């Protein structure tokens, strides 16, 4: 006899819903249909958070979903519109999986404990910057961060990375929101011996940073720039200095691949789960259940450990925070005021592309001697 | 070389906020880590608590604590050991000597008697003995002996205890210190 | 003003909720208008649905949520809702009171709860009260570690006193052990006073292991932050007796009293914002459509709204959204299964409730009276 196991998701468009159902059917076909079968239920994004959370409790959870997928909407509203569901699902410990949403605030297990993603954050980007450090064979650098969970987490990332090795604090610089003009802090930066510079910021902020930095001519040779991906895009892109080193993610704006792979992982996870006994179906409907779903954390545990390295997006594994691991970034250069790939980073090791390097200043490729 | 004196009169001490480890030791040392000054030239005693943070140049001179009284058997004086409200023994709160008193468990009892009737600065502390307000004064010799010569109304007594060497501060990362010590020895 | 409050479970309609607010603060120039709804059973779909549906019938500018539930998730869901409506929501007991992830700055949310650093502080105050100077910390990789260590390092370090930290132990619940590696570490420690930090279940395993190790026995004592005791309704006796832990108050505020406090906070905030700008806080509540215009002004209110006071008592919140002046109780495991209150603690300060007698006389130096 068969058993029907529901899944649920929220996606940008109905076409992607069909892609989802198709992928689900692919999962059913390639794994035993005699023991178990998978069923899909879904709903469109609602304009606000509340209609959507209500949709989860009513339209999805009434189908007894064992898990949920979520994607960023076609027109982003504020940020993290997939904030609520993770909360609503978080209530029953029903696992949530994002295709999209690079947001770092989901990295904290505390606030979102059901949240897993087929991507990463910005703090972990420092690994690249750290990986970048291998390349320049310089231990002394400078870090400029905005003041928020993002920047401070980033600081934590470089420092945690640095701690296993001999501790490196060449310099650190923190700034506060809303100050269009920051010149003095960089004036402080110049006094520091270390000749390499690195920064993380909000979209508006990177502009002000480069604008102030160019004024003190910190963009010149003997000075270097390393930066985050979000920062480089938009108006900041217009004002960016030459020869900067920059970062770019892969398969981040594509829901469908992440859909097929995420659902594949879900299938593998479920099939791995039912090998164990004392399973309980998730609560039927939002209505009448004040209690969590005991299986959910276990489902999370297997799902985080769920391997299946072959996937359309790439290898699949989850870090402690539930964030995706061994992710790949593409290194970027500012050559001729245009974005170019000097190299690409995959796995724990960087890879150098044949392409010419860009460095800041009158250098094709570029500590400082203080007399 | 270009030299500027540190804004804070103190050389340095760890302080301020609780979360994680917050801020940094106030004073010229703090400037050294901050890079406000890349190298520190001053009369700085050399100790392990500081030593982990920074590289230290070889010492070229020695000195220890002692007592000034107008003309005390030992660093351990029964007279100290037999304190009296009548016989004062005076020091500066927040002077490193006070750190010796607080950090050290073995004499930890003896600290409190010293804590009473503390003076804010060196001039006032010498003056009290000179004014005869306070019968005894405790401070490191290098500051004290010069004064001992300066008046001779007052005298230093006993054997320098809790002494230590003085050296030039540099970050561990800076290799110039390697020459500095190498030079210091050559100067010795 | 327009306000709504909800109570979940207990299987009851109860008079006391009107009794709670007992038409409280009627004196205030602006009057609260309240619509009450209860639900026997909760769902993220159900809970999400009902409050917005209520938005359609009430168009309330504030919400208070309360539950009979032990469920962790509900609070977080409500944080999401705060993010969604930009309409303030708070909760006075149960899951909403239970701790949650760091709240989005844009979001407006309040809980009758607290944090980790504060709890550690209370643990220190408790230890100081009994003058237990010497202690160790057993922790797990569970969130907040070495921030717990860090907070303790500052709190313990600043004080003049020579108390001793003996050991700090970090053990992963994951990679579960045949080796009894937890037994292997835990057996080592000789210290009388132990601070433990972990998930509740992990606490069960660690305690079984401690019972094997002999660490639970007399003269050693254990002290715990909020998480292990949790609801306190259910207590595996795997926990040793004499276990000392901190938890939210109960006999201090009735479910109705707490709701009265919440209503008072919302309407006091409304009153202060009024006094400042002479402007009605009332806003369109409907989630389904775009958030109402002028809802953005509410932002200033929250910045202003963080500390709210009634009855000469602080409801003052903190940046996380937990009472900036939340109230707390020192609790112990009474013999058998009982959880019995011992001390109360609030804001800065805490208050908690072979013999051979010898006689002497004061002499020269031998026996000195001071």
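Quick reminder, even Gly has a Cβ in these numbers, built from the backbone with ideal geometry, and neighbours come from all protein chains shown. Only the coordinates and a few stated rules stand behind these numbers; no lab work does.
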Legend entry - All positions within segment A:87-112 that are within 16 Å of the chain's Cα centre (by Cα) and either part of a helix (DSSP H, G or I) or under 21 Å from residue A:280 (Cβ atoms) (or both): A:96, A:97, A:104, A:105, A:106
Inset, instruction - List the number of the failed condition for residue B:123; all other conditions in (1) under 28 Å from residue B:171 (Cβ atoms); (2) over 14 Å from the mean Cα position of the chain (by Cα); (3) surrounded by fewer than 15 Cβ atoms within 10 Å (Cβ to Cβ) hold. - result: (1)
Inset, instruction - Consider residue A:13 carefully, then state whether it is within 18 Å of residue C:45 (Cβ to Cβ), out of contact with any strand residue (DSSP E or B) (no Cβ under 6 Å at 6 or more places or on another chain) and away from chain C (no Cβ under 11 Å). - result: no
Inset, instruction - Go through segment C:176-197 and give me each residue that's over 23 Å from residue C:226 (Cα atoms) and within 14 Å of another protein chain (Cβ to nearest Cβ). - result: C:176
Legend entry - Yes/no for residue A:96 being over 26 Å from residue B:174 (Cα atoms) and crowded, with 24+ Cβ neighbours inside 10 Å: yes
Inset, instruction - Kindly provide the set of residues from segment A:17-27 that are farther than 15 Å from residue A:41 by Cβ and within 25 Å of the chain's Cα centre (by Cα), ordered by number. - result: A:19
Inset, instruction - Please indicate, with yes or no, whether at least one residue in segment A:131-148 is closer than 30 Å to residue A:9 by Cα, under 18 Å from the mean Cα position of the chain (by Cα) and within 14 Å of chain C (Cβ to nearest Cβ). - result: no
Inset, instruction - Within segment A:92-119, track down each residue that is out of contact with any helix residue (DSSP H, G or I) (no Cβ under 9 Å at 6 or more places or on another chain) and away from chain C (no Cβ under 12 Å). - result: A:101
Legend entry - Residue among C:282, C:291 that alone is closer than 21 Å to residue C:59 by Cα and in contact with a strand residue (DSSP E or B) (Cβ under 9 Å, 6 or more places away or on another chain): C:282
Inset, instruction - Kindly indicate which of A:89, A:53, A:49 is facing chain C (nearest Cβ under 7 Å), touching a strand residue (DSSP E or B) at 6+ places or on another chain (Cβ under 6 Å) and under 17 Å from residue C:78 (Cβ atoms). - result: A:89
Inset, instruction - Could you tell me which numbered condition residue B:41 fails, if it satisfies all but one of (1) more than 13 Å from every other protein chain (Cβ to nearest Cβ); (2) in contact with a helix residue (DSSP H, G or I) (Cβ under 7 Å, 6 or more places away or on another chain)? - result: (2)
Legend entry - Of the criteria (1) within 11 Å of another protein chain (Cβ to nearest Cβ); (2) under 28 Å from residue C:20 (Cα atoms), which one residue C:116 fails: (2)
Inset, instruction - Sort out for me the strands (runs of 3 or more DSSP E) sitting completely within segment C:107-202 that have 2 or more residues that are surrounded by fewer than 17 Cβ atoms within 10 Å (Cβ to Cβ) and touching a strand residue (DSSP E or B) at 6+ places or on another chain (Cβ under 6 Å). - result: C:164-171
Legend entry - Residues (in contact with a strand residue (DSSP E or B) (Cβ under 8 Å, 6 or more places away or on another chain) and either crowded, with 23+ Cβ neighbours inside 10 Å or away from every other protein chain (no Cβ under 11 Å) (or both)) located in segment A:27-43: A:27, A:28, A:36, A:37, A:38, A:39, A:40, A:41, A:42
Inset, instruction - Can you confirm whether segment A:55-73 contains a residue that is more than 26 Å from residue A:267 (Cβ to Cβ) and buried (at least 24 other Cβ atoms within 10 Å of the Cβ)? - result: no
Inset, instruction - Mind counting the residues in segment B:7-23 that are within 14 Å of chain C (Cβ to nearest Cβ) and part of a loop (DSSP other than H, G, I, E, B)? - result: 10
Inset, instruction - Would you check if residue C:173 is under 30 Å from residue C:295 (Cα atoms) and within 14 Å of chain A (Cβ to nearest Cβ)? - result: no
Inset, instruction - Look at residue B:83 and say whether it is farther than 28 Å from residue A:168 by Cβ, surrounded by 15 or more Cβ atoms within 10 Å (Cβ to Cβ), within 14 Å of chain C (Cβ to nearest Cβ) and over 17 Å from the mean Cα position of the chain (by Cα). - result: yes
Legend entry - Scope segment C:2-18; condition closer than 16 Å to residue C:92 by Cα and not in a loop (DSSP other than H, G, I, E, B); matching residues: C:3, C:4, C:5, C:6, C:7, C:8, C:16, C:17, C:18
Inset, instruction - Being within 14 Å of another protein chain (Cβ to nearest Cβ) and in a helix (DSSP H, G or I) is the filter; apply it to segment C:267-300 and report the residue that is nearest to residue C:90 (Cα to Cα). - result: C:299
Inset, instruction - Please work out if residue A:62 is touching a strand residue (DSSP E or B) at 6+ places or on another chain (Cβ under 7 Å), outside any loop (DSSP other than H, G, I, E, B) and within 14 Å of chain C (Cβ to nearest Cβ). - result: no
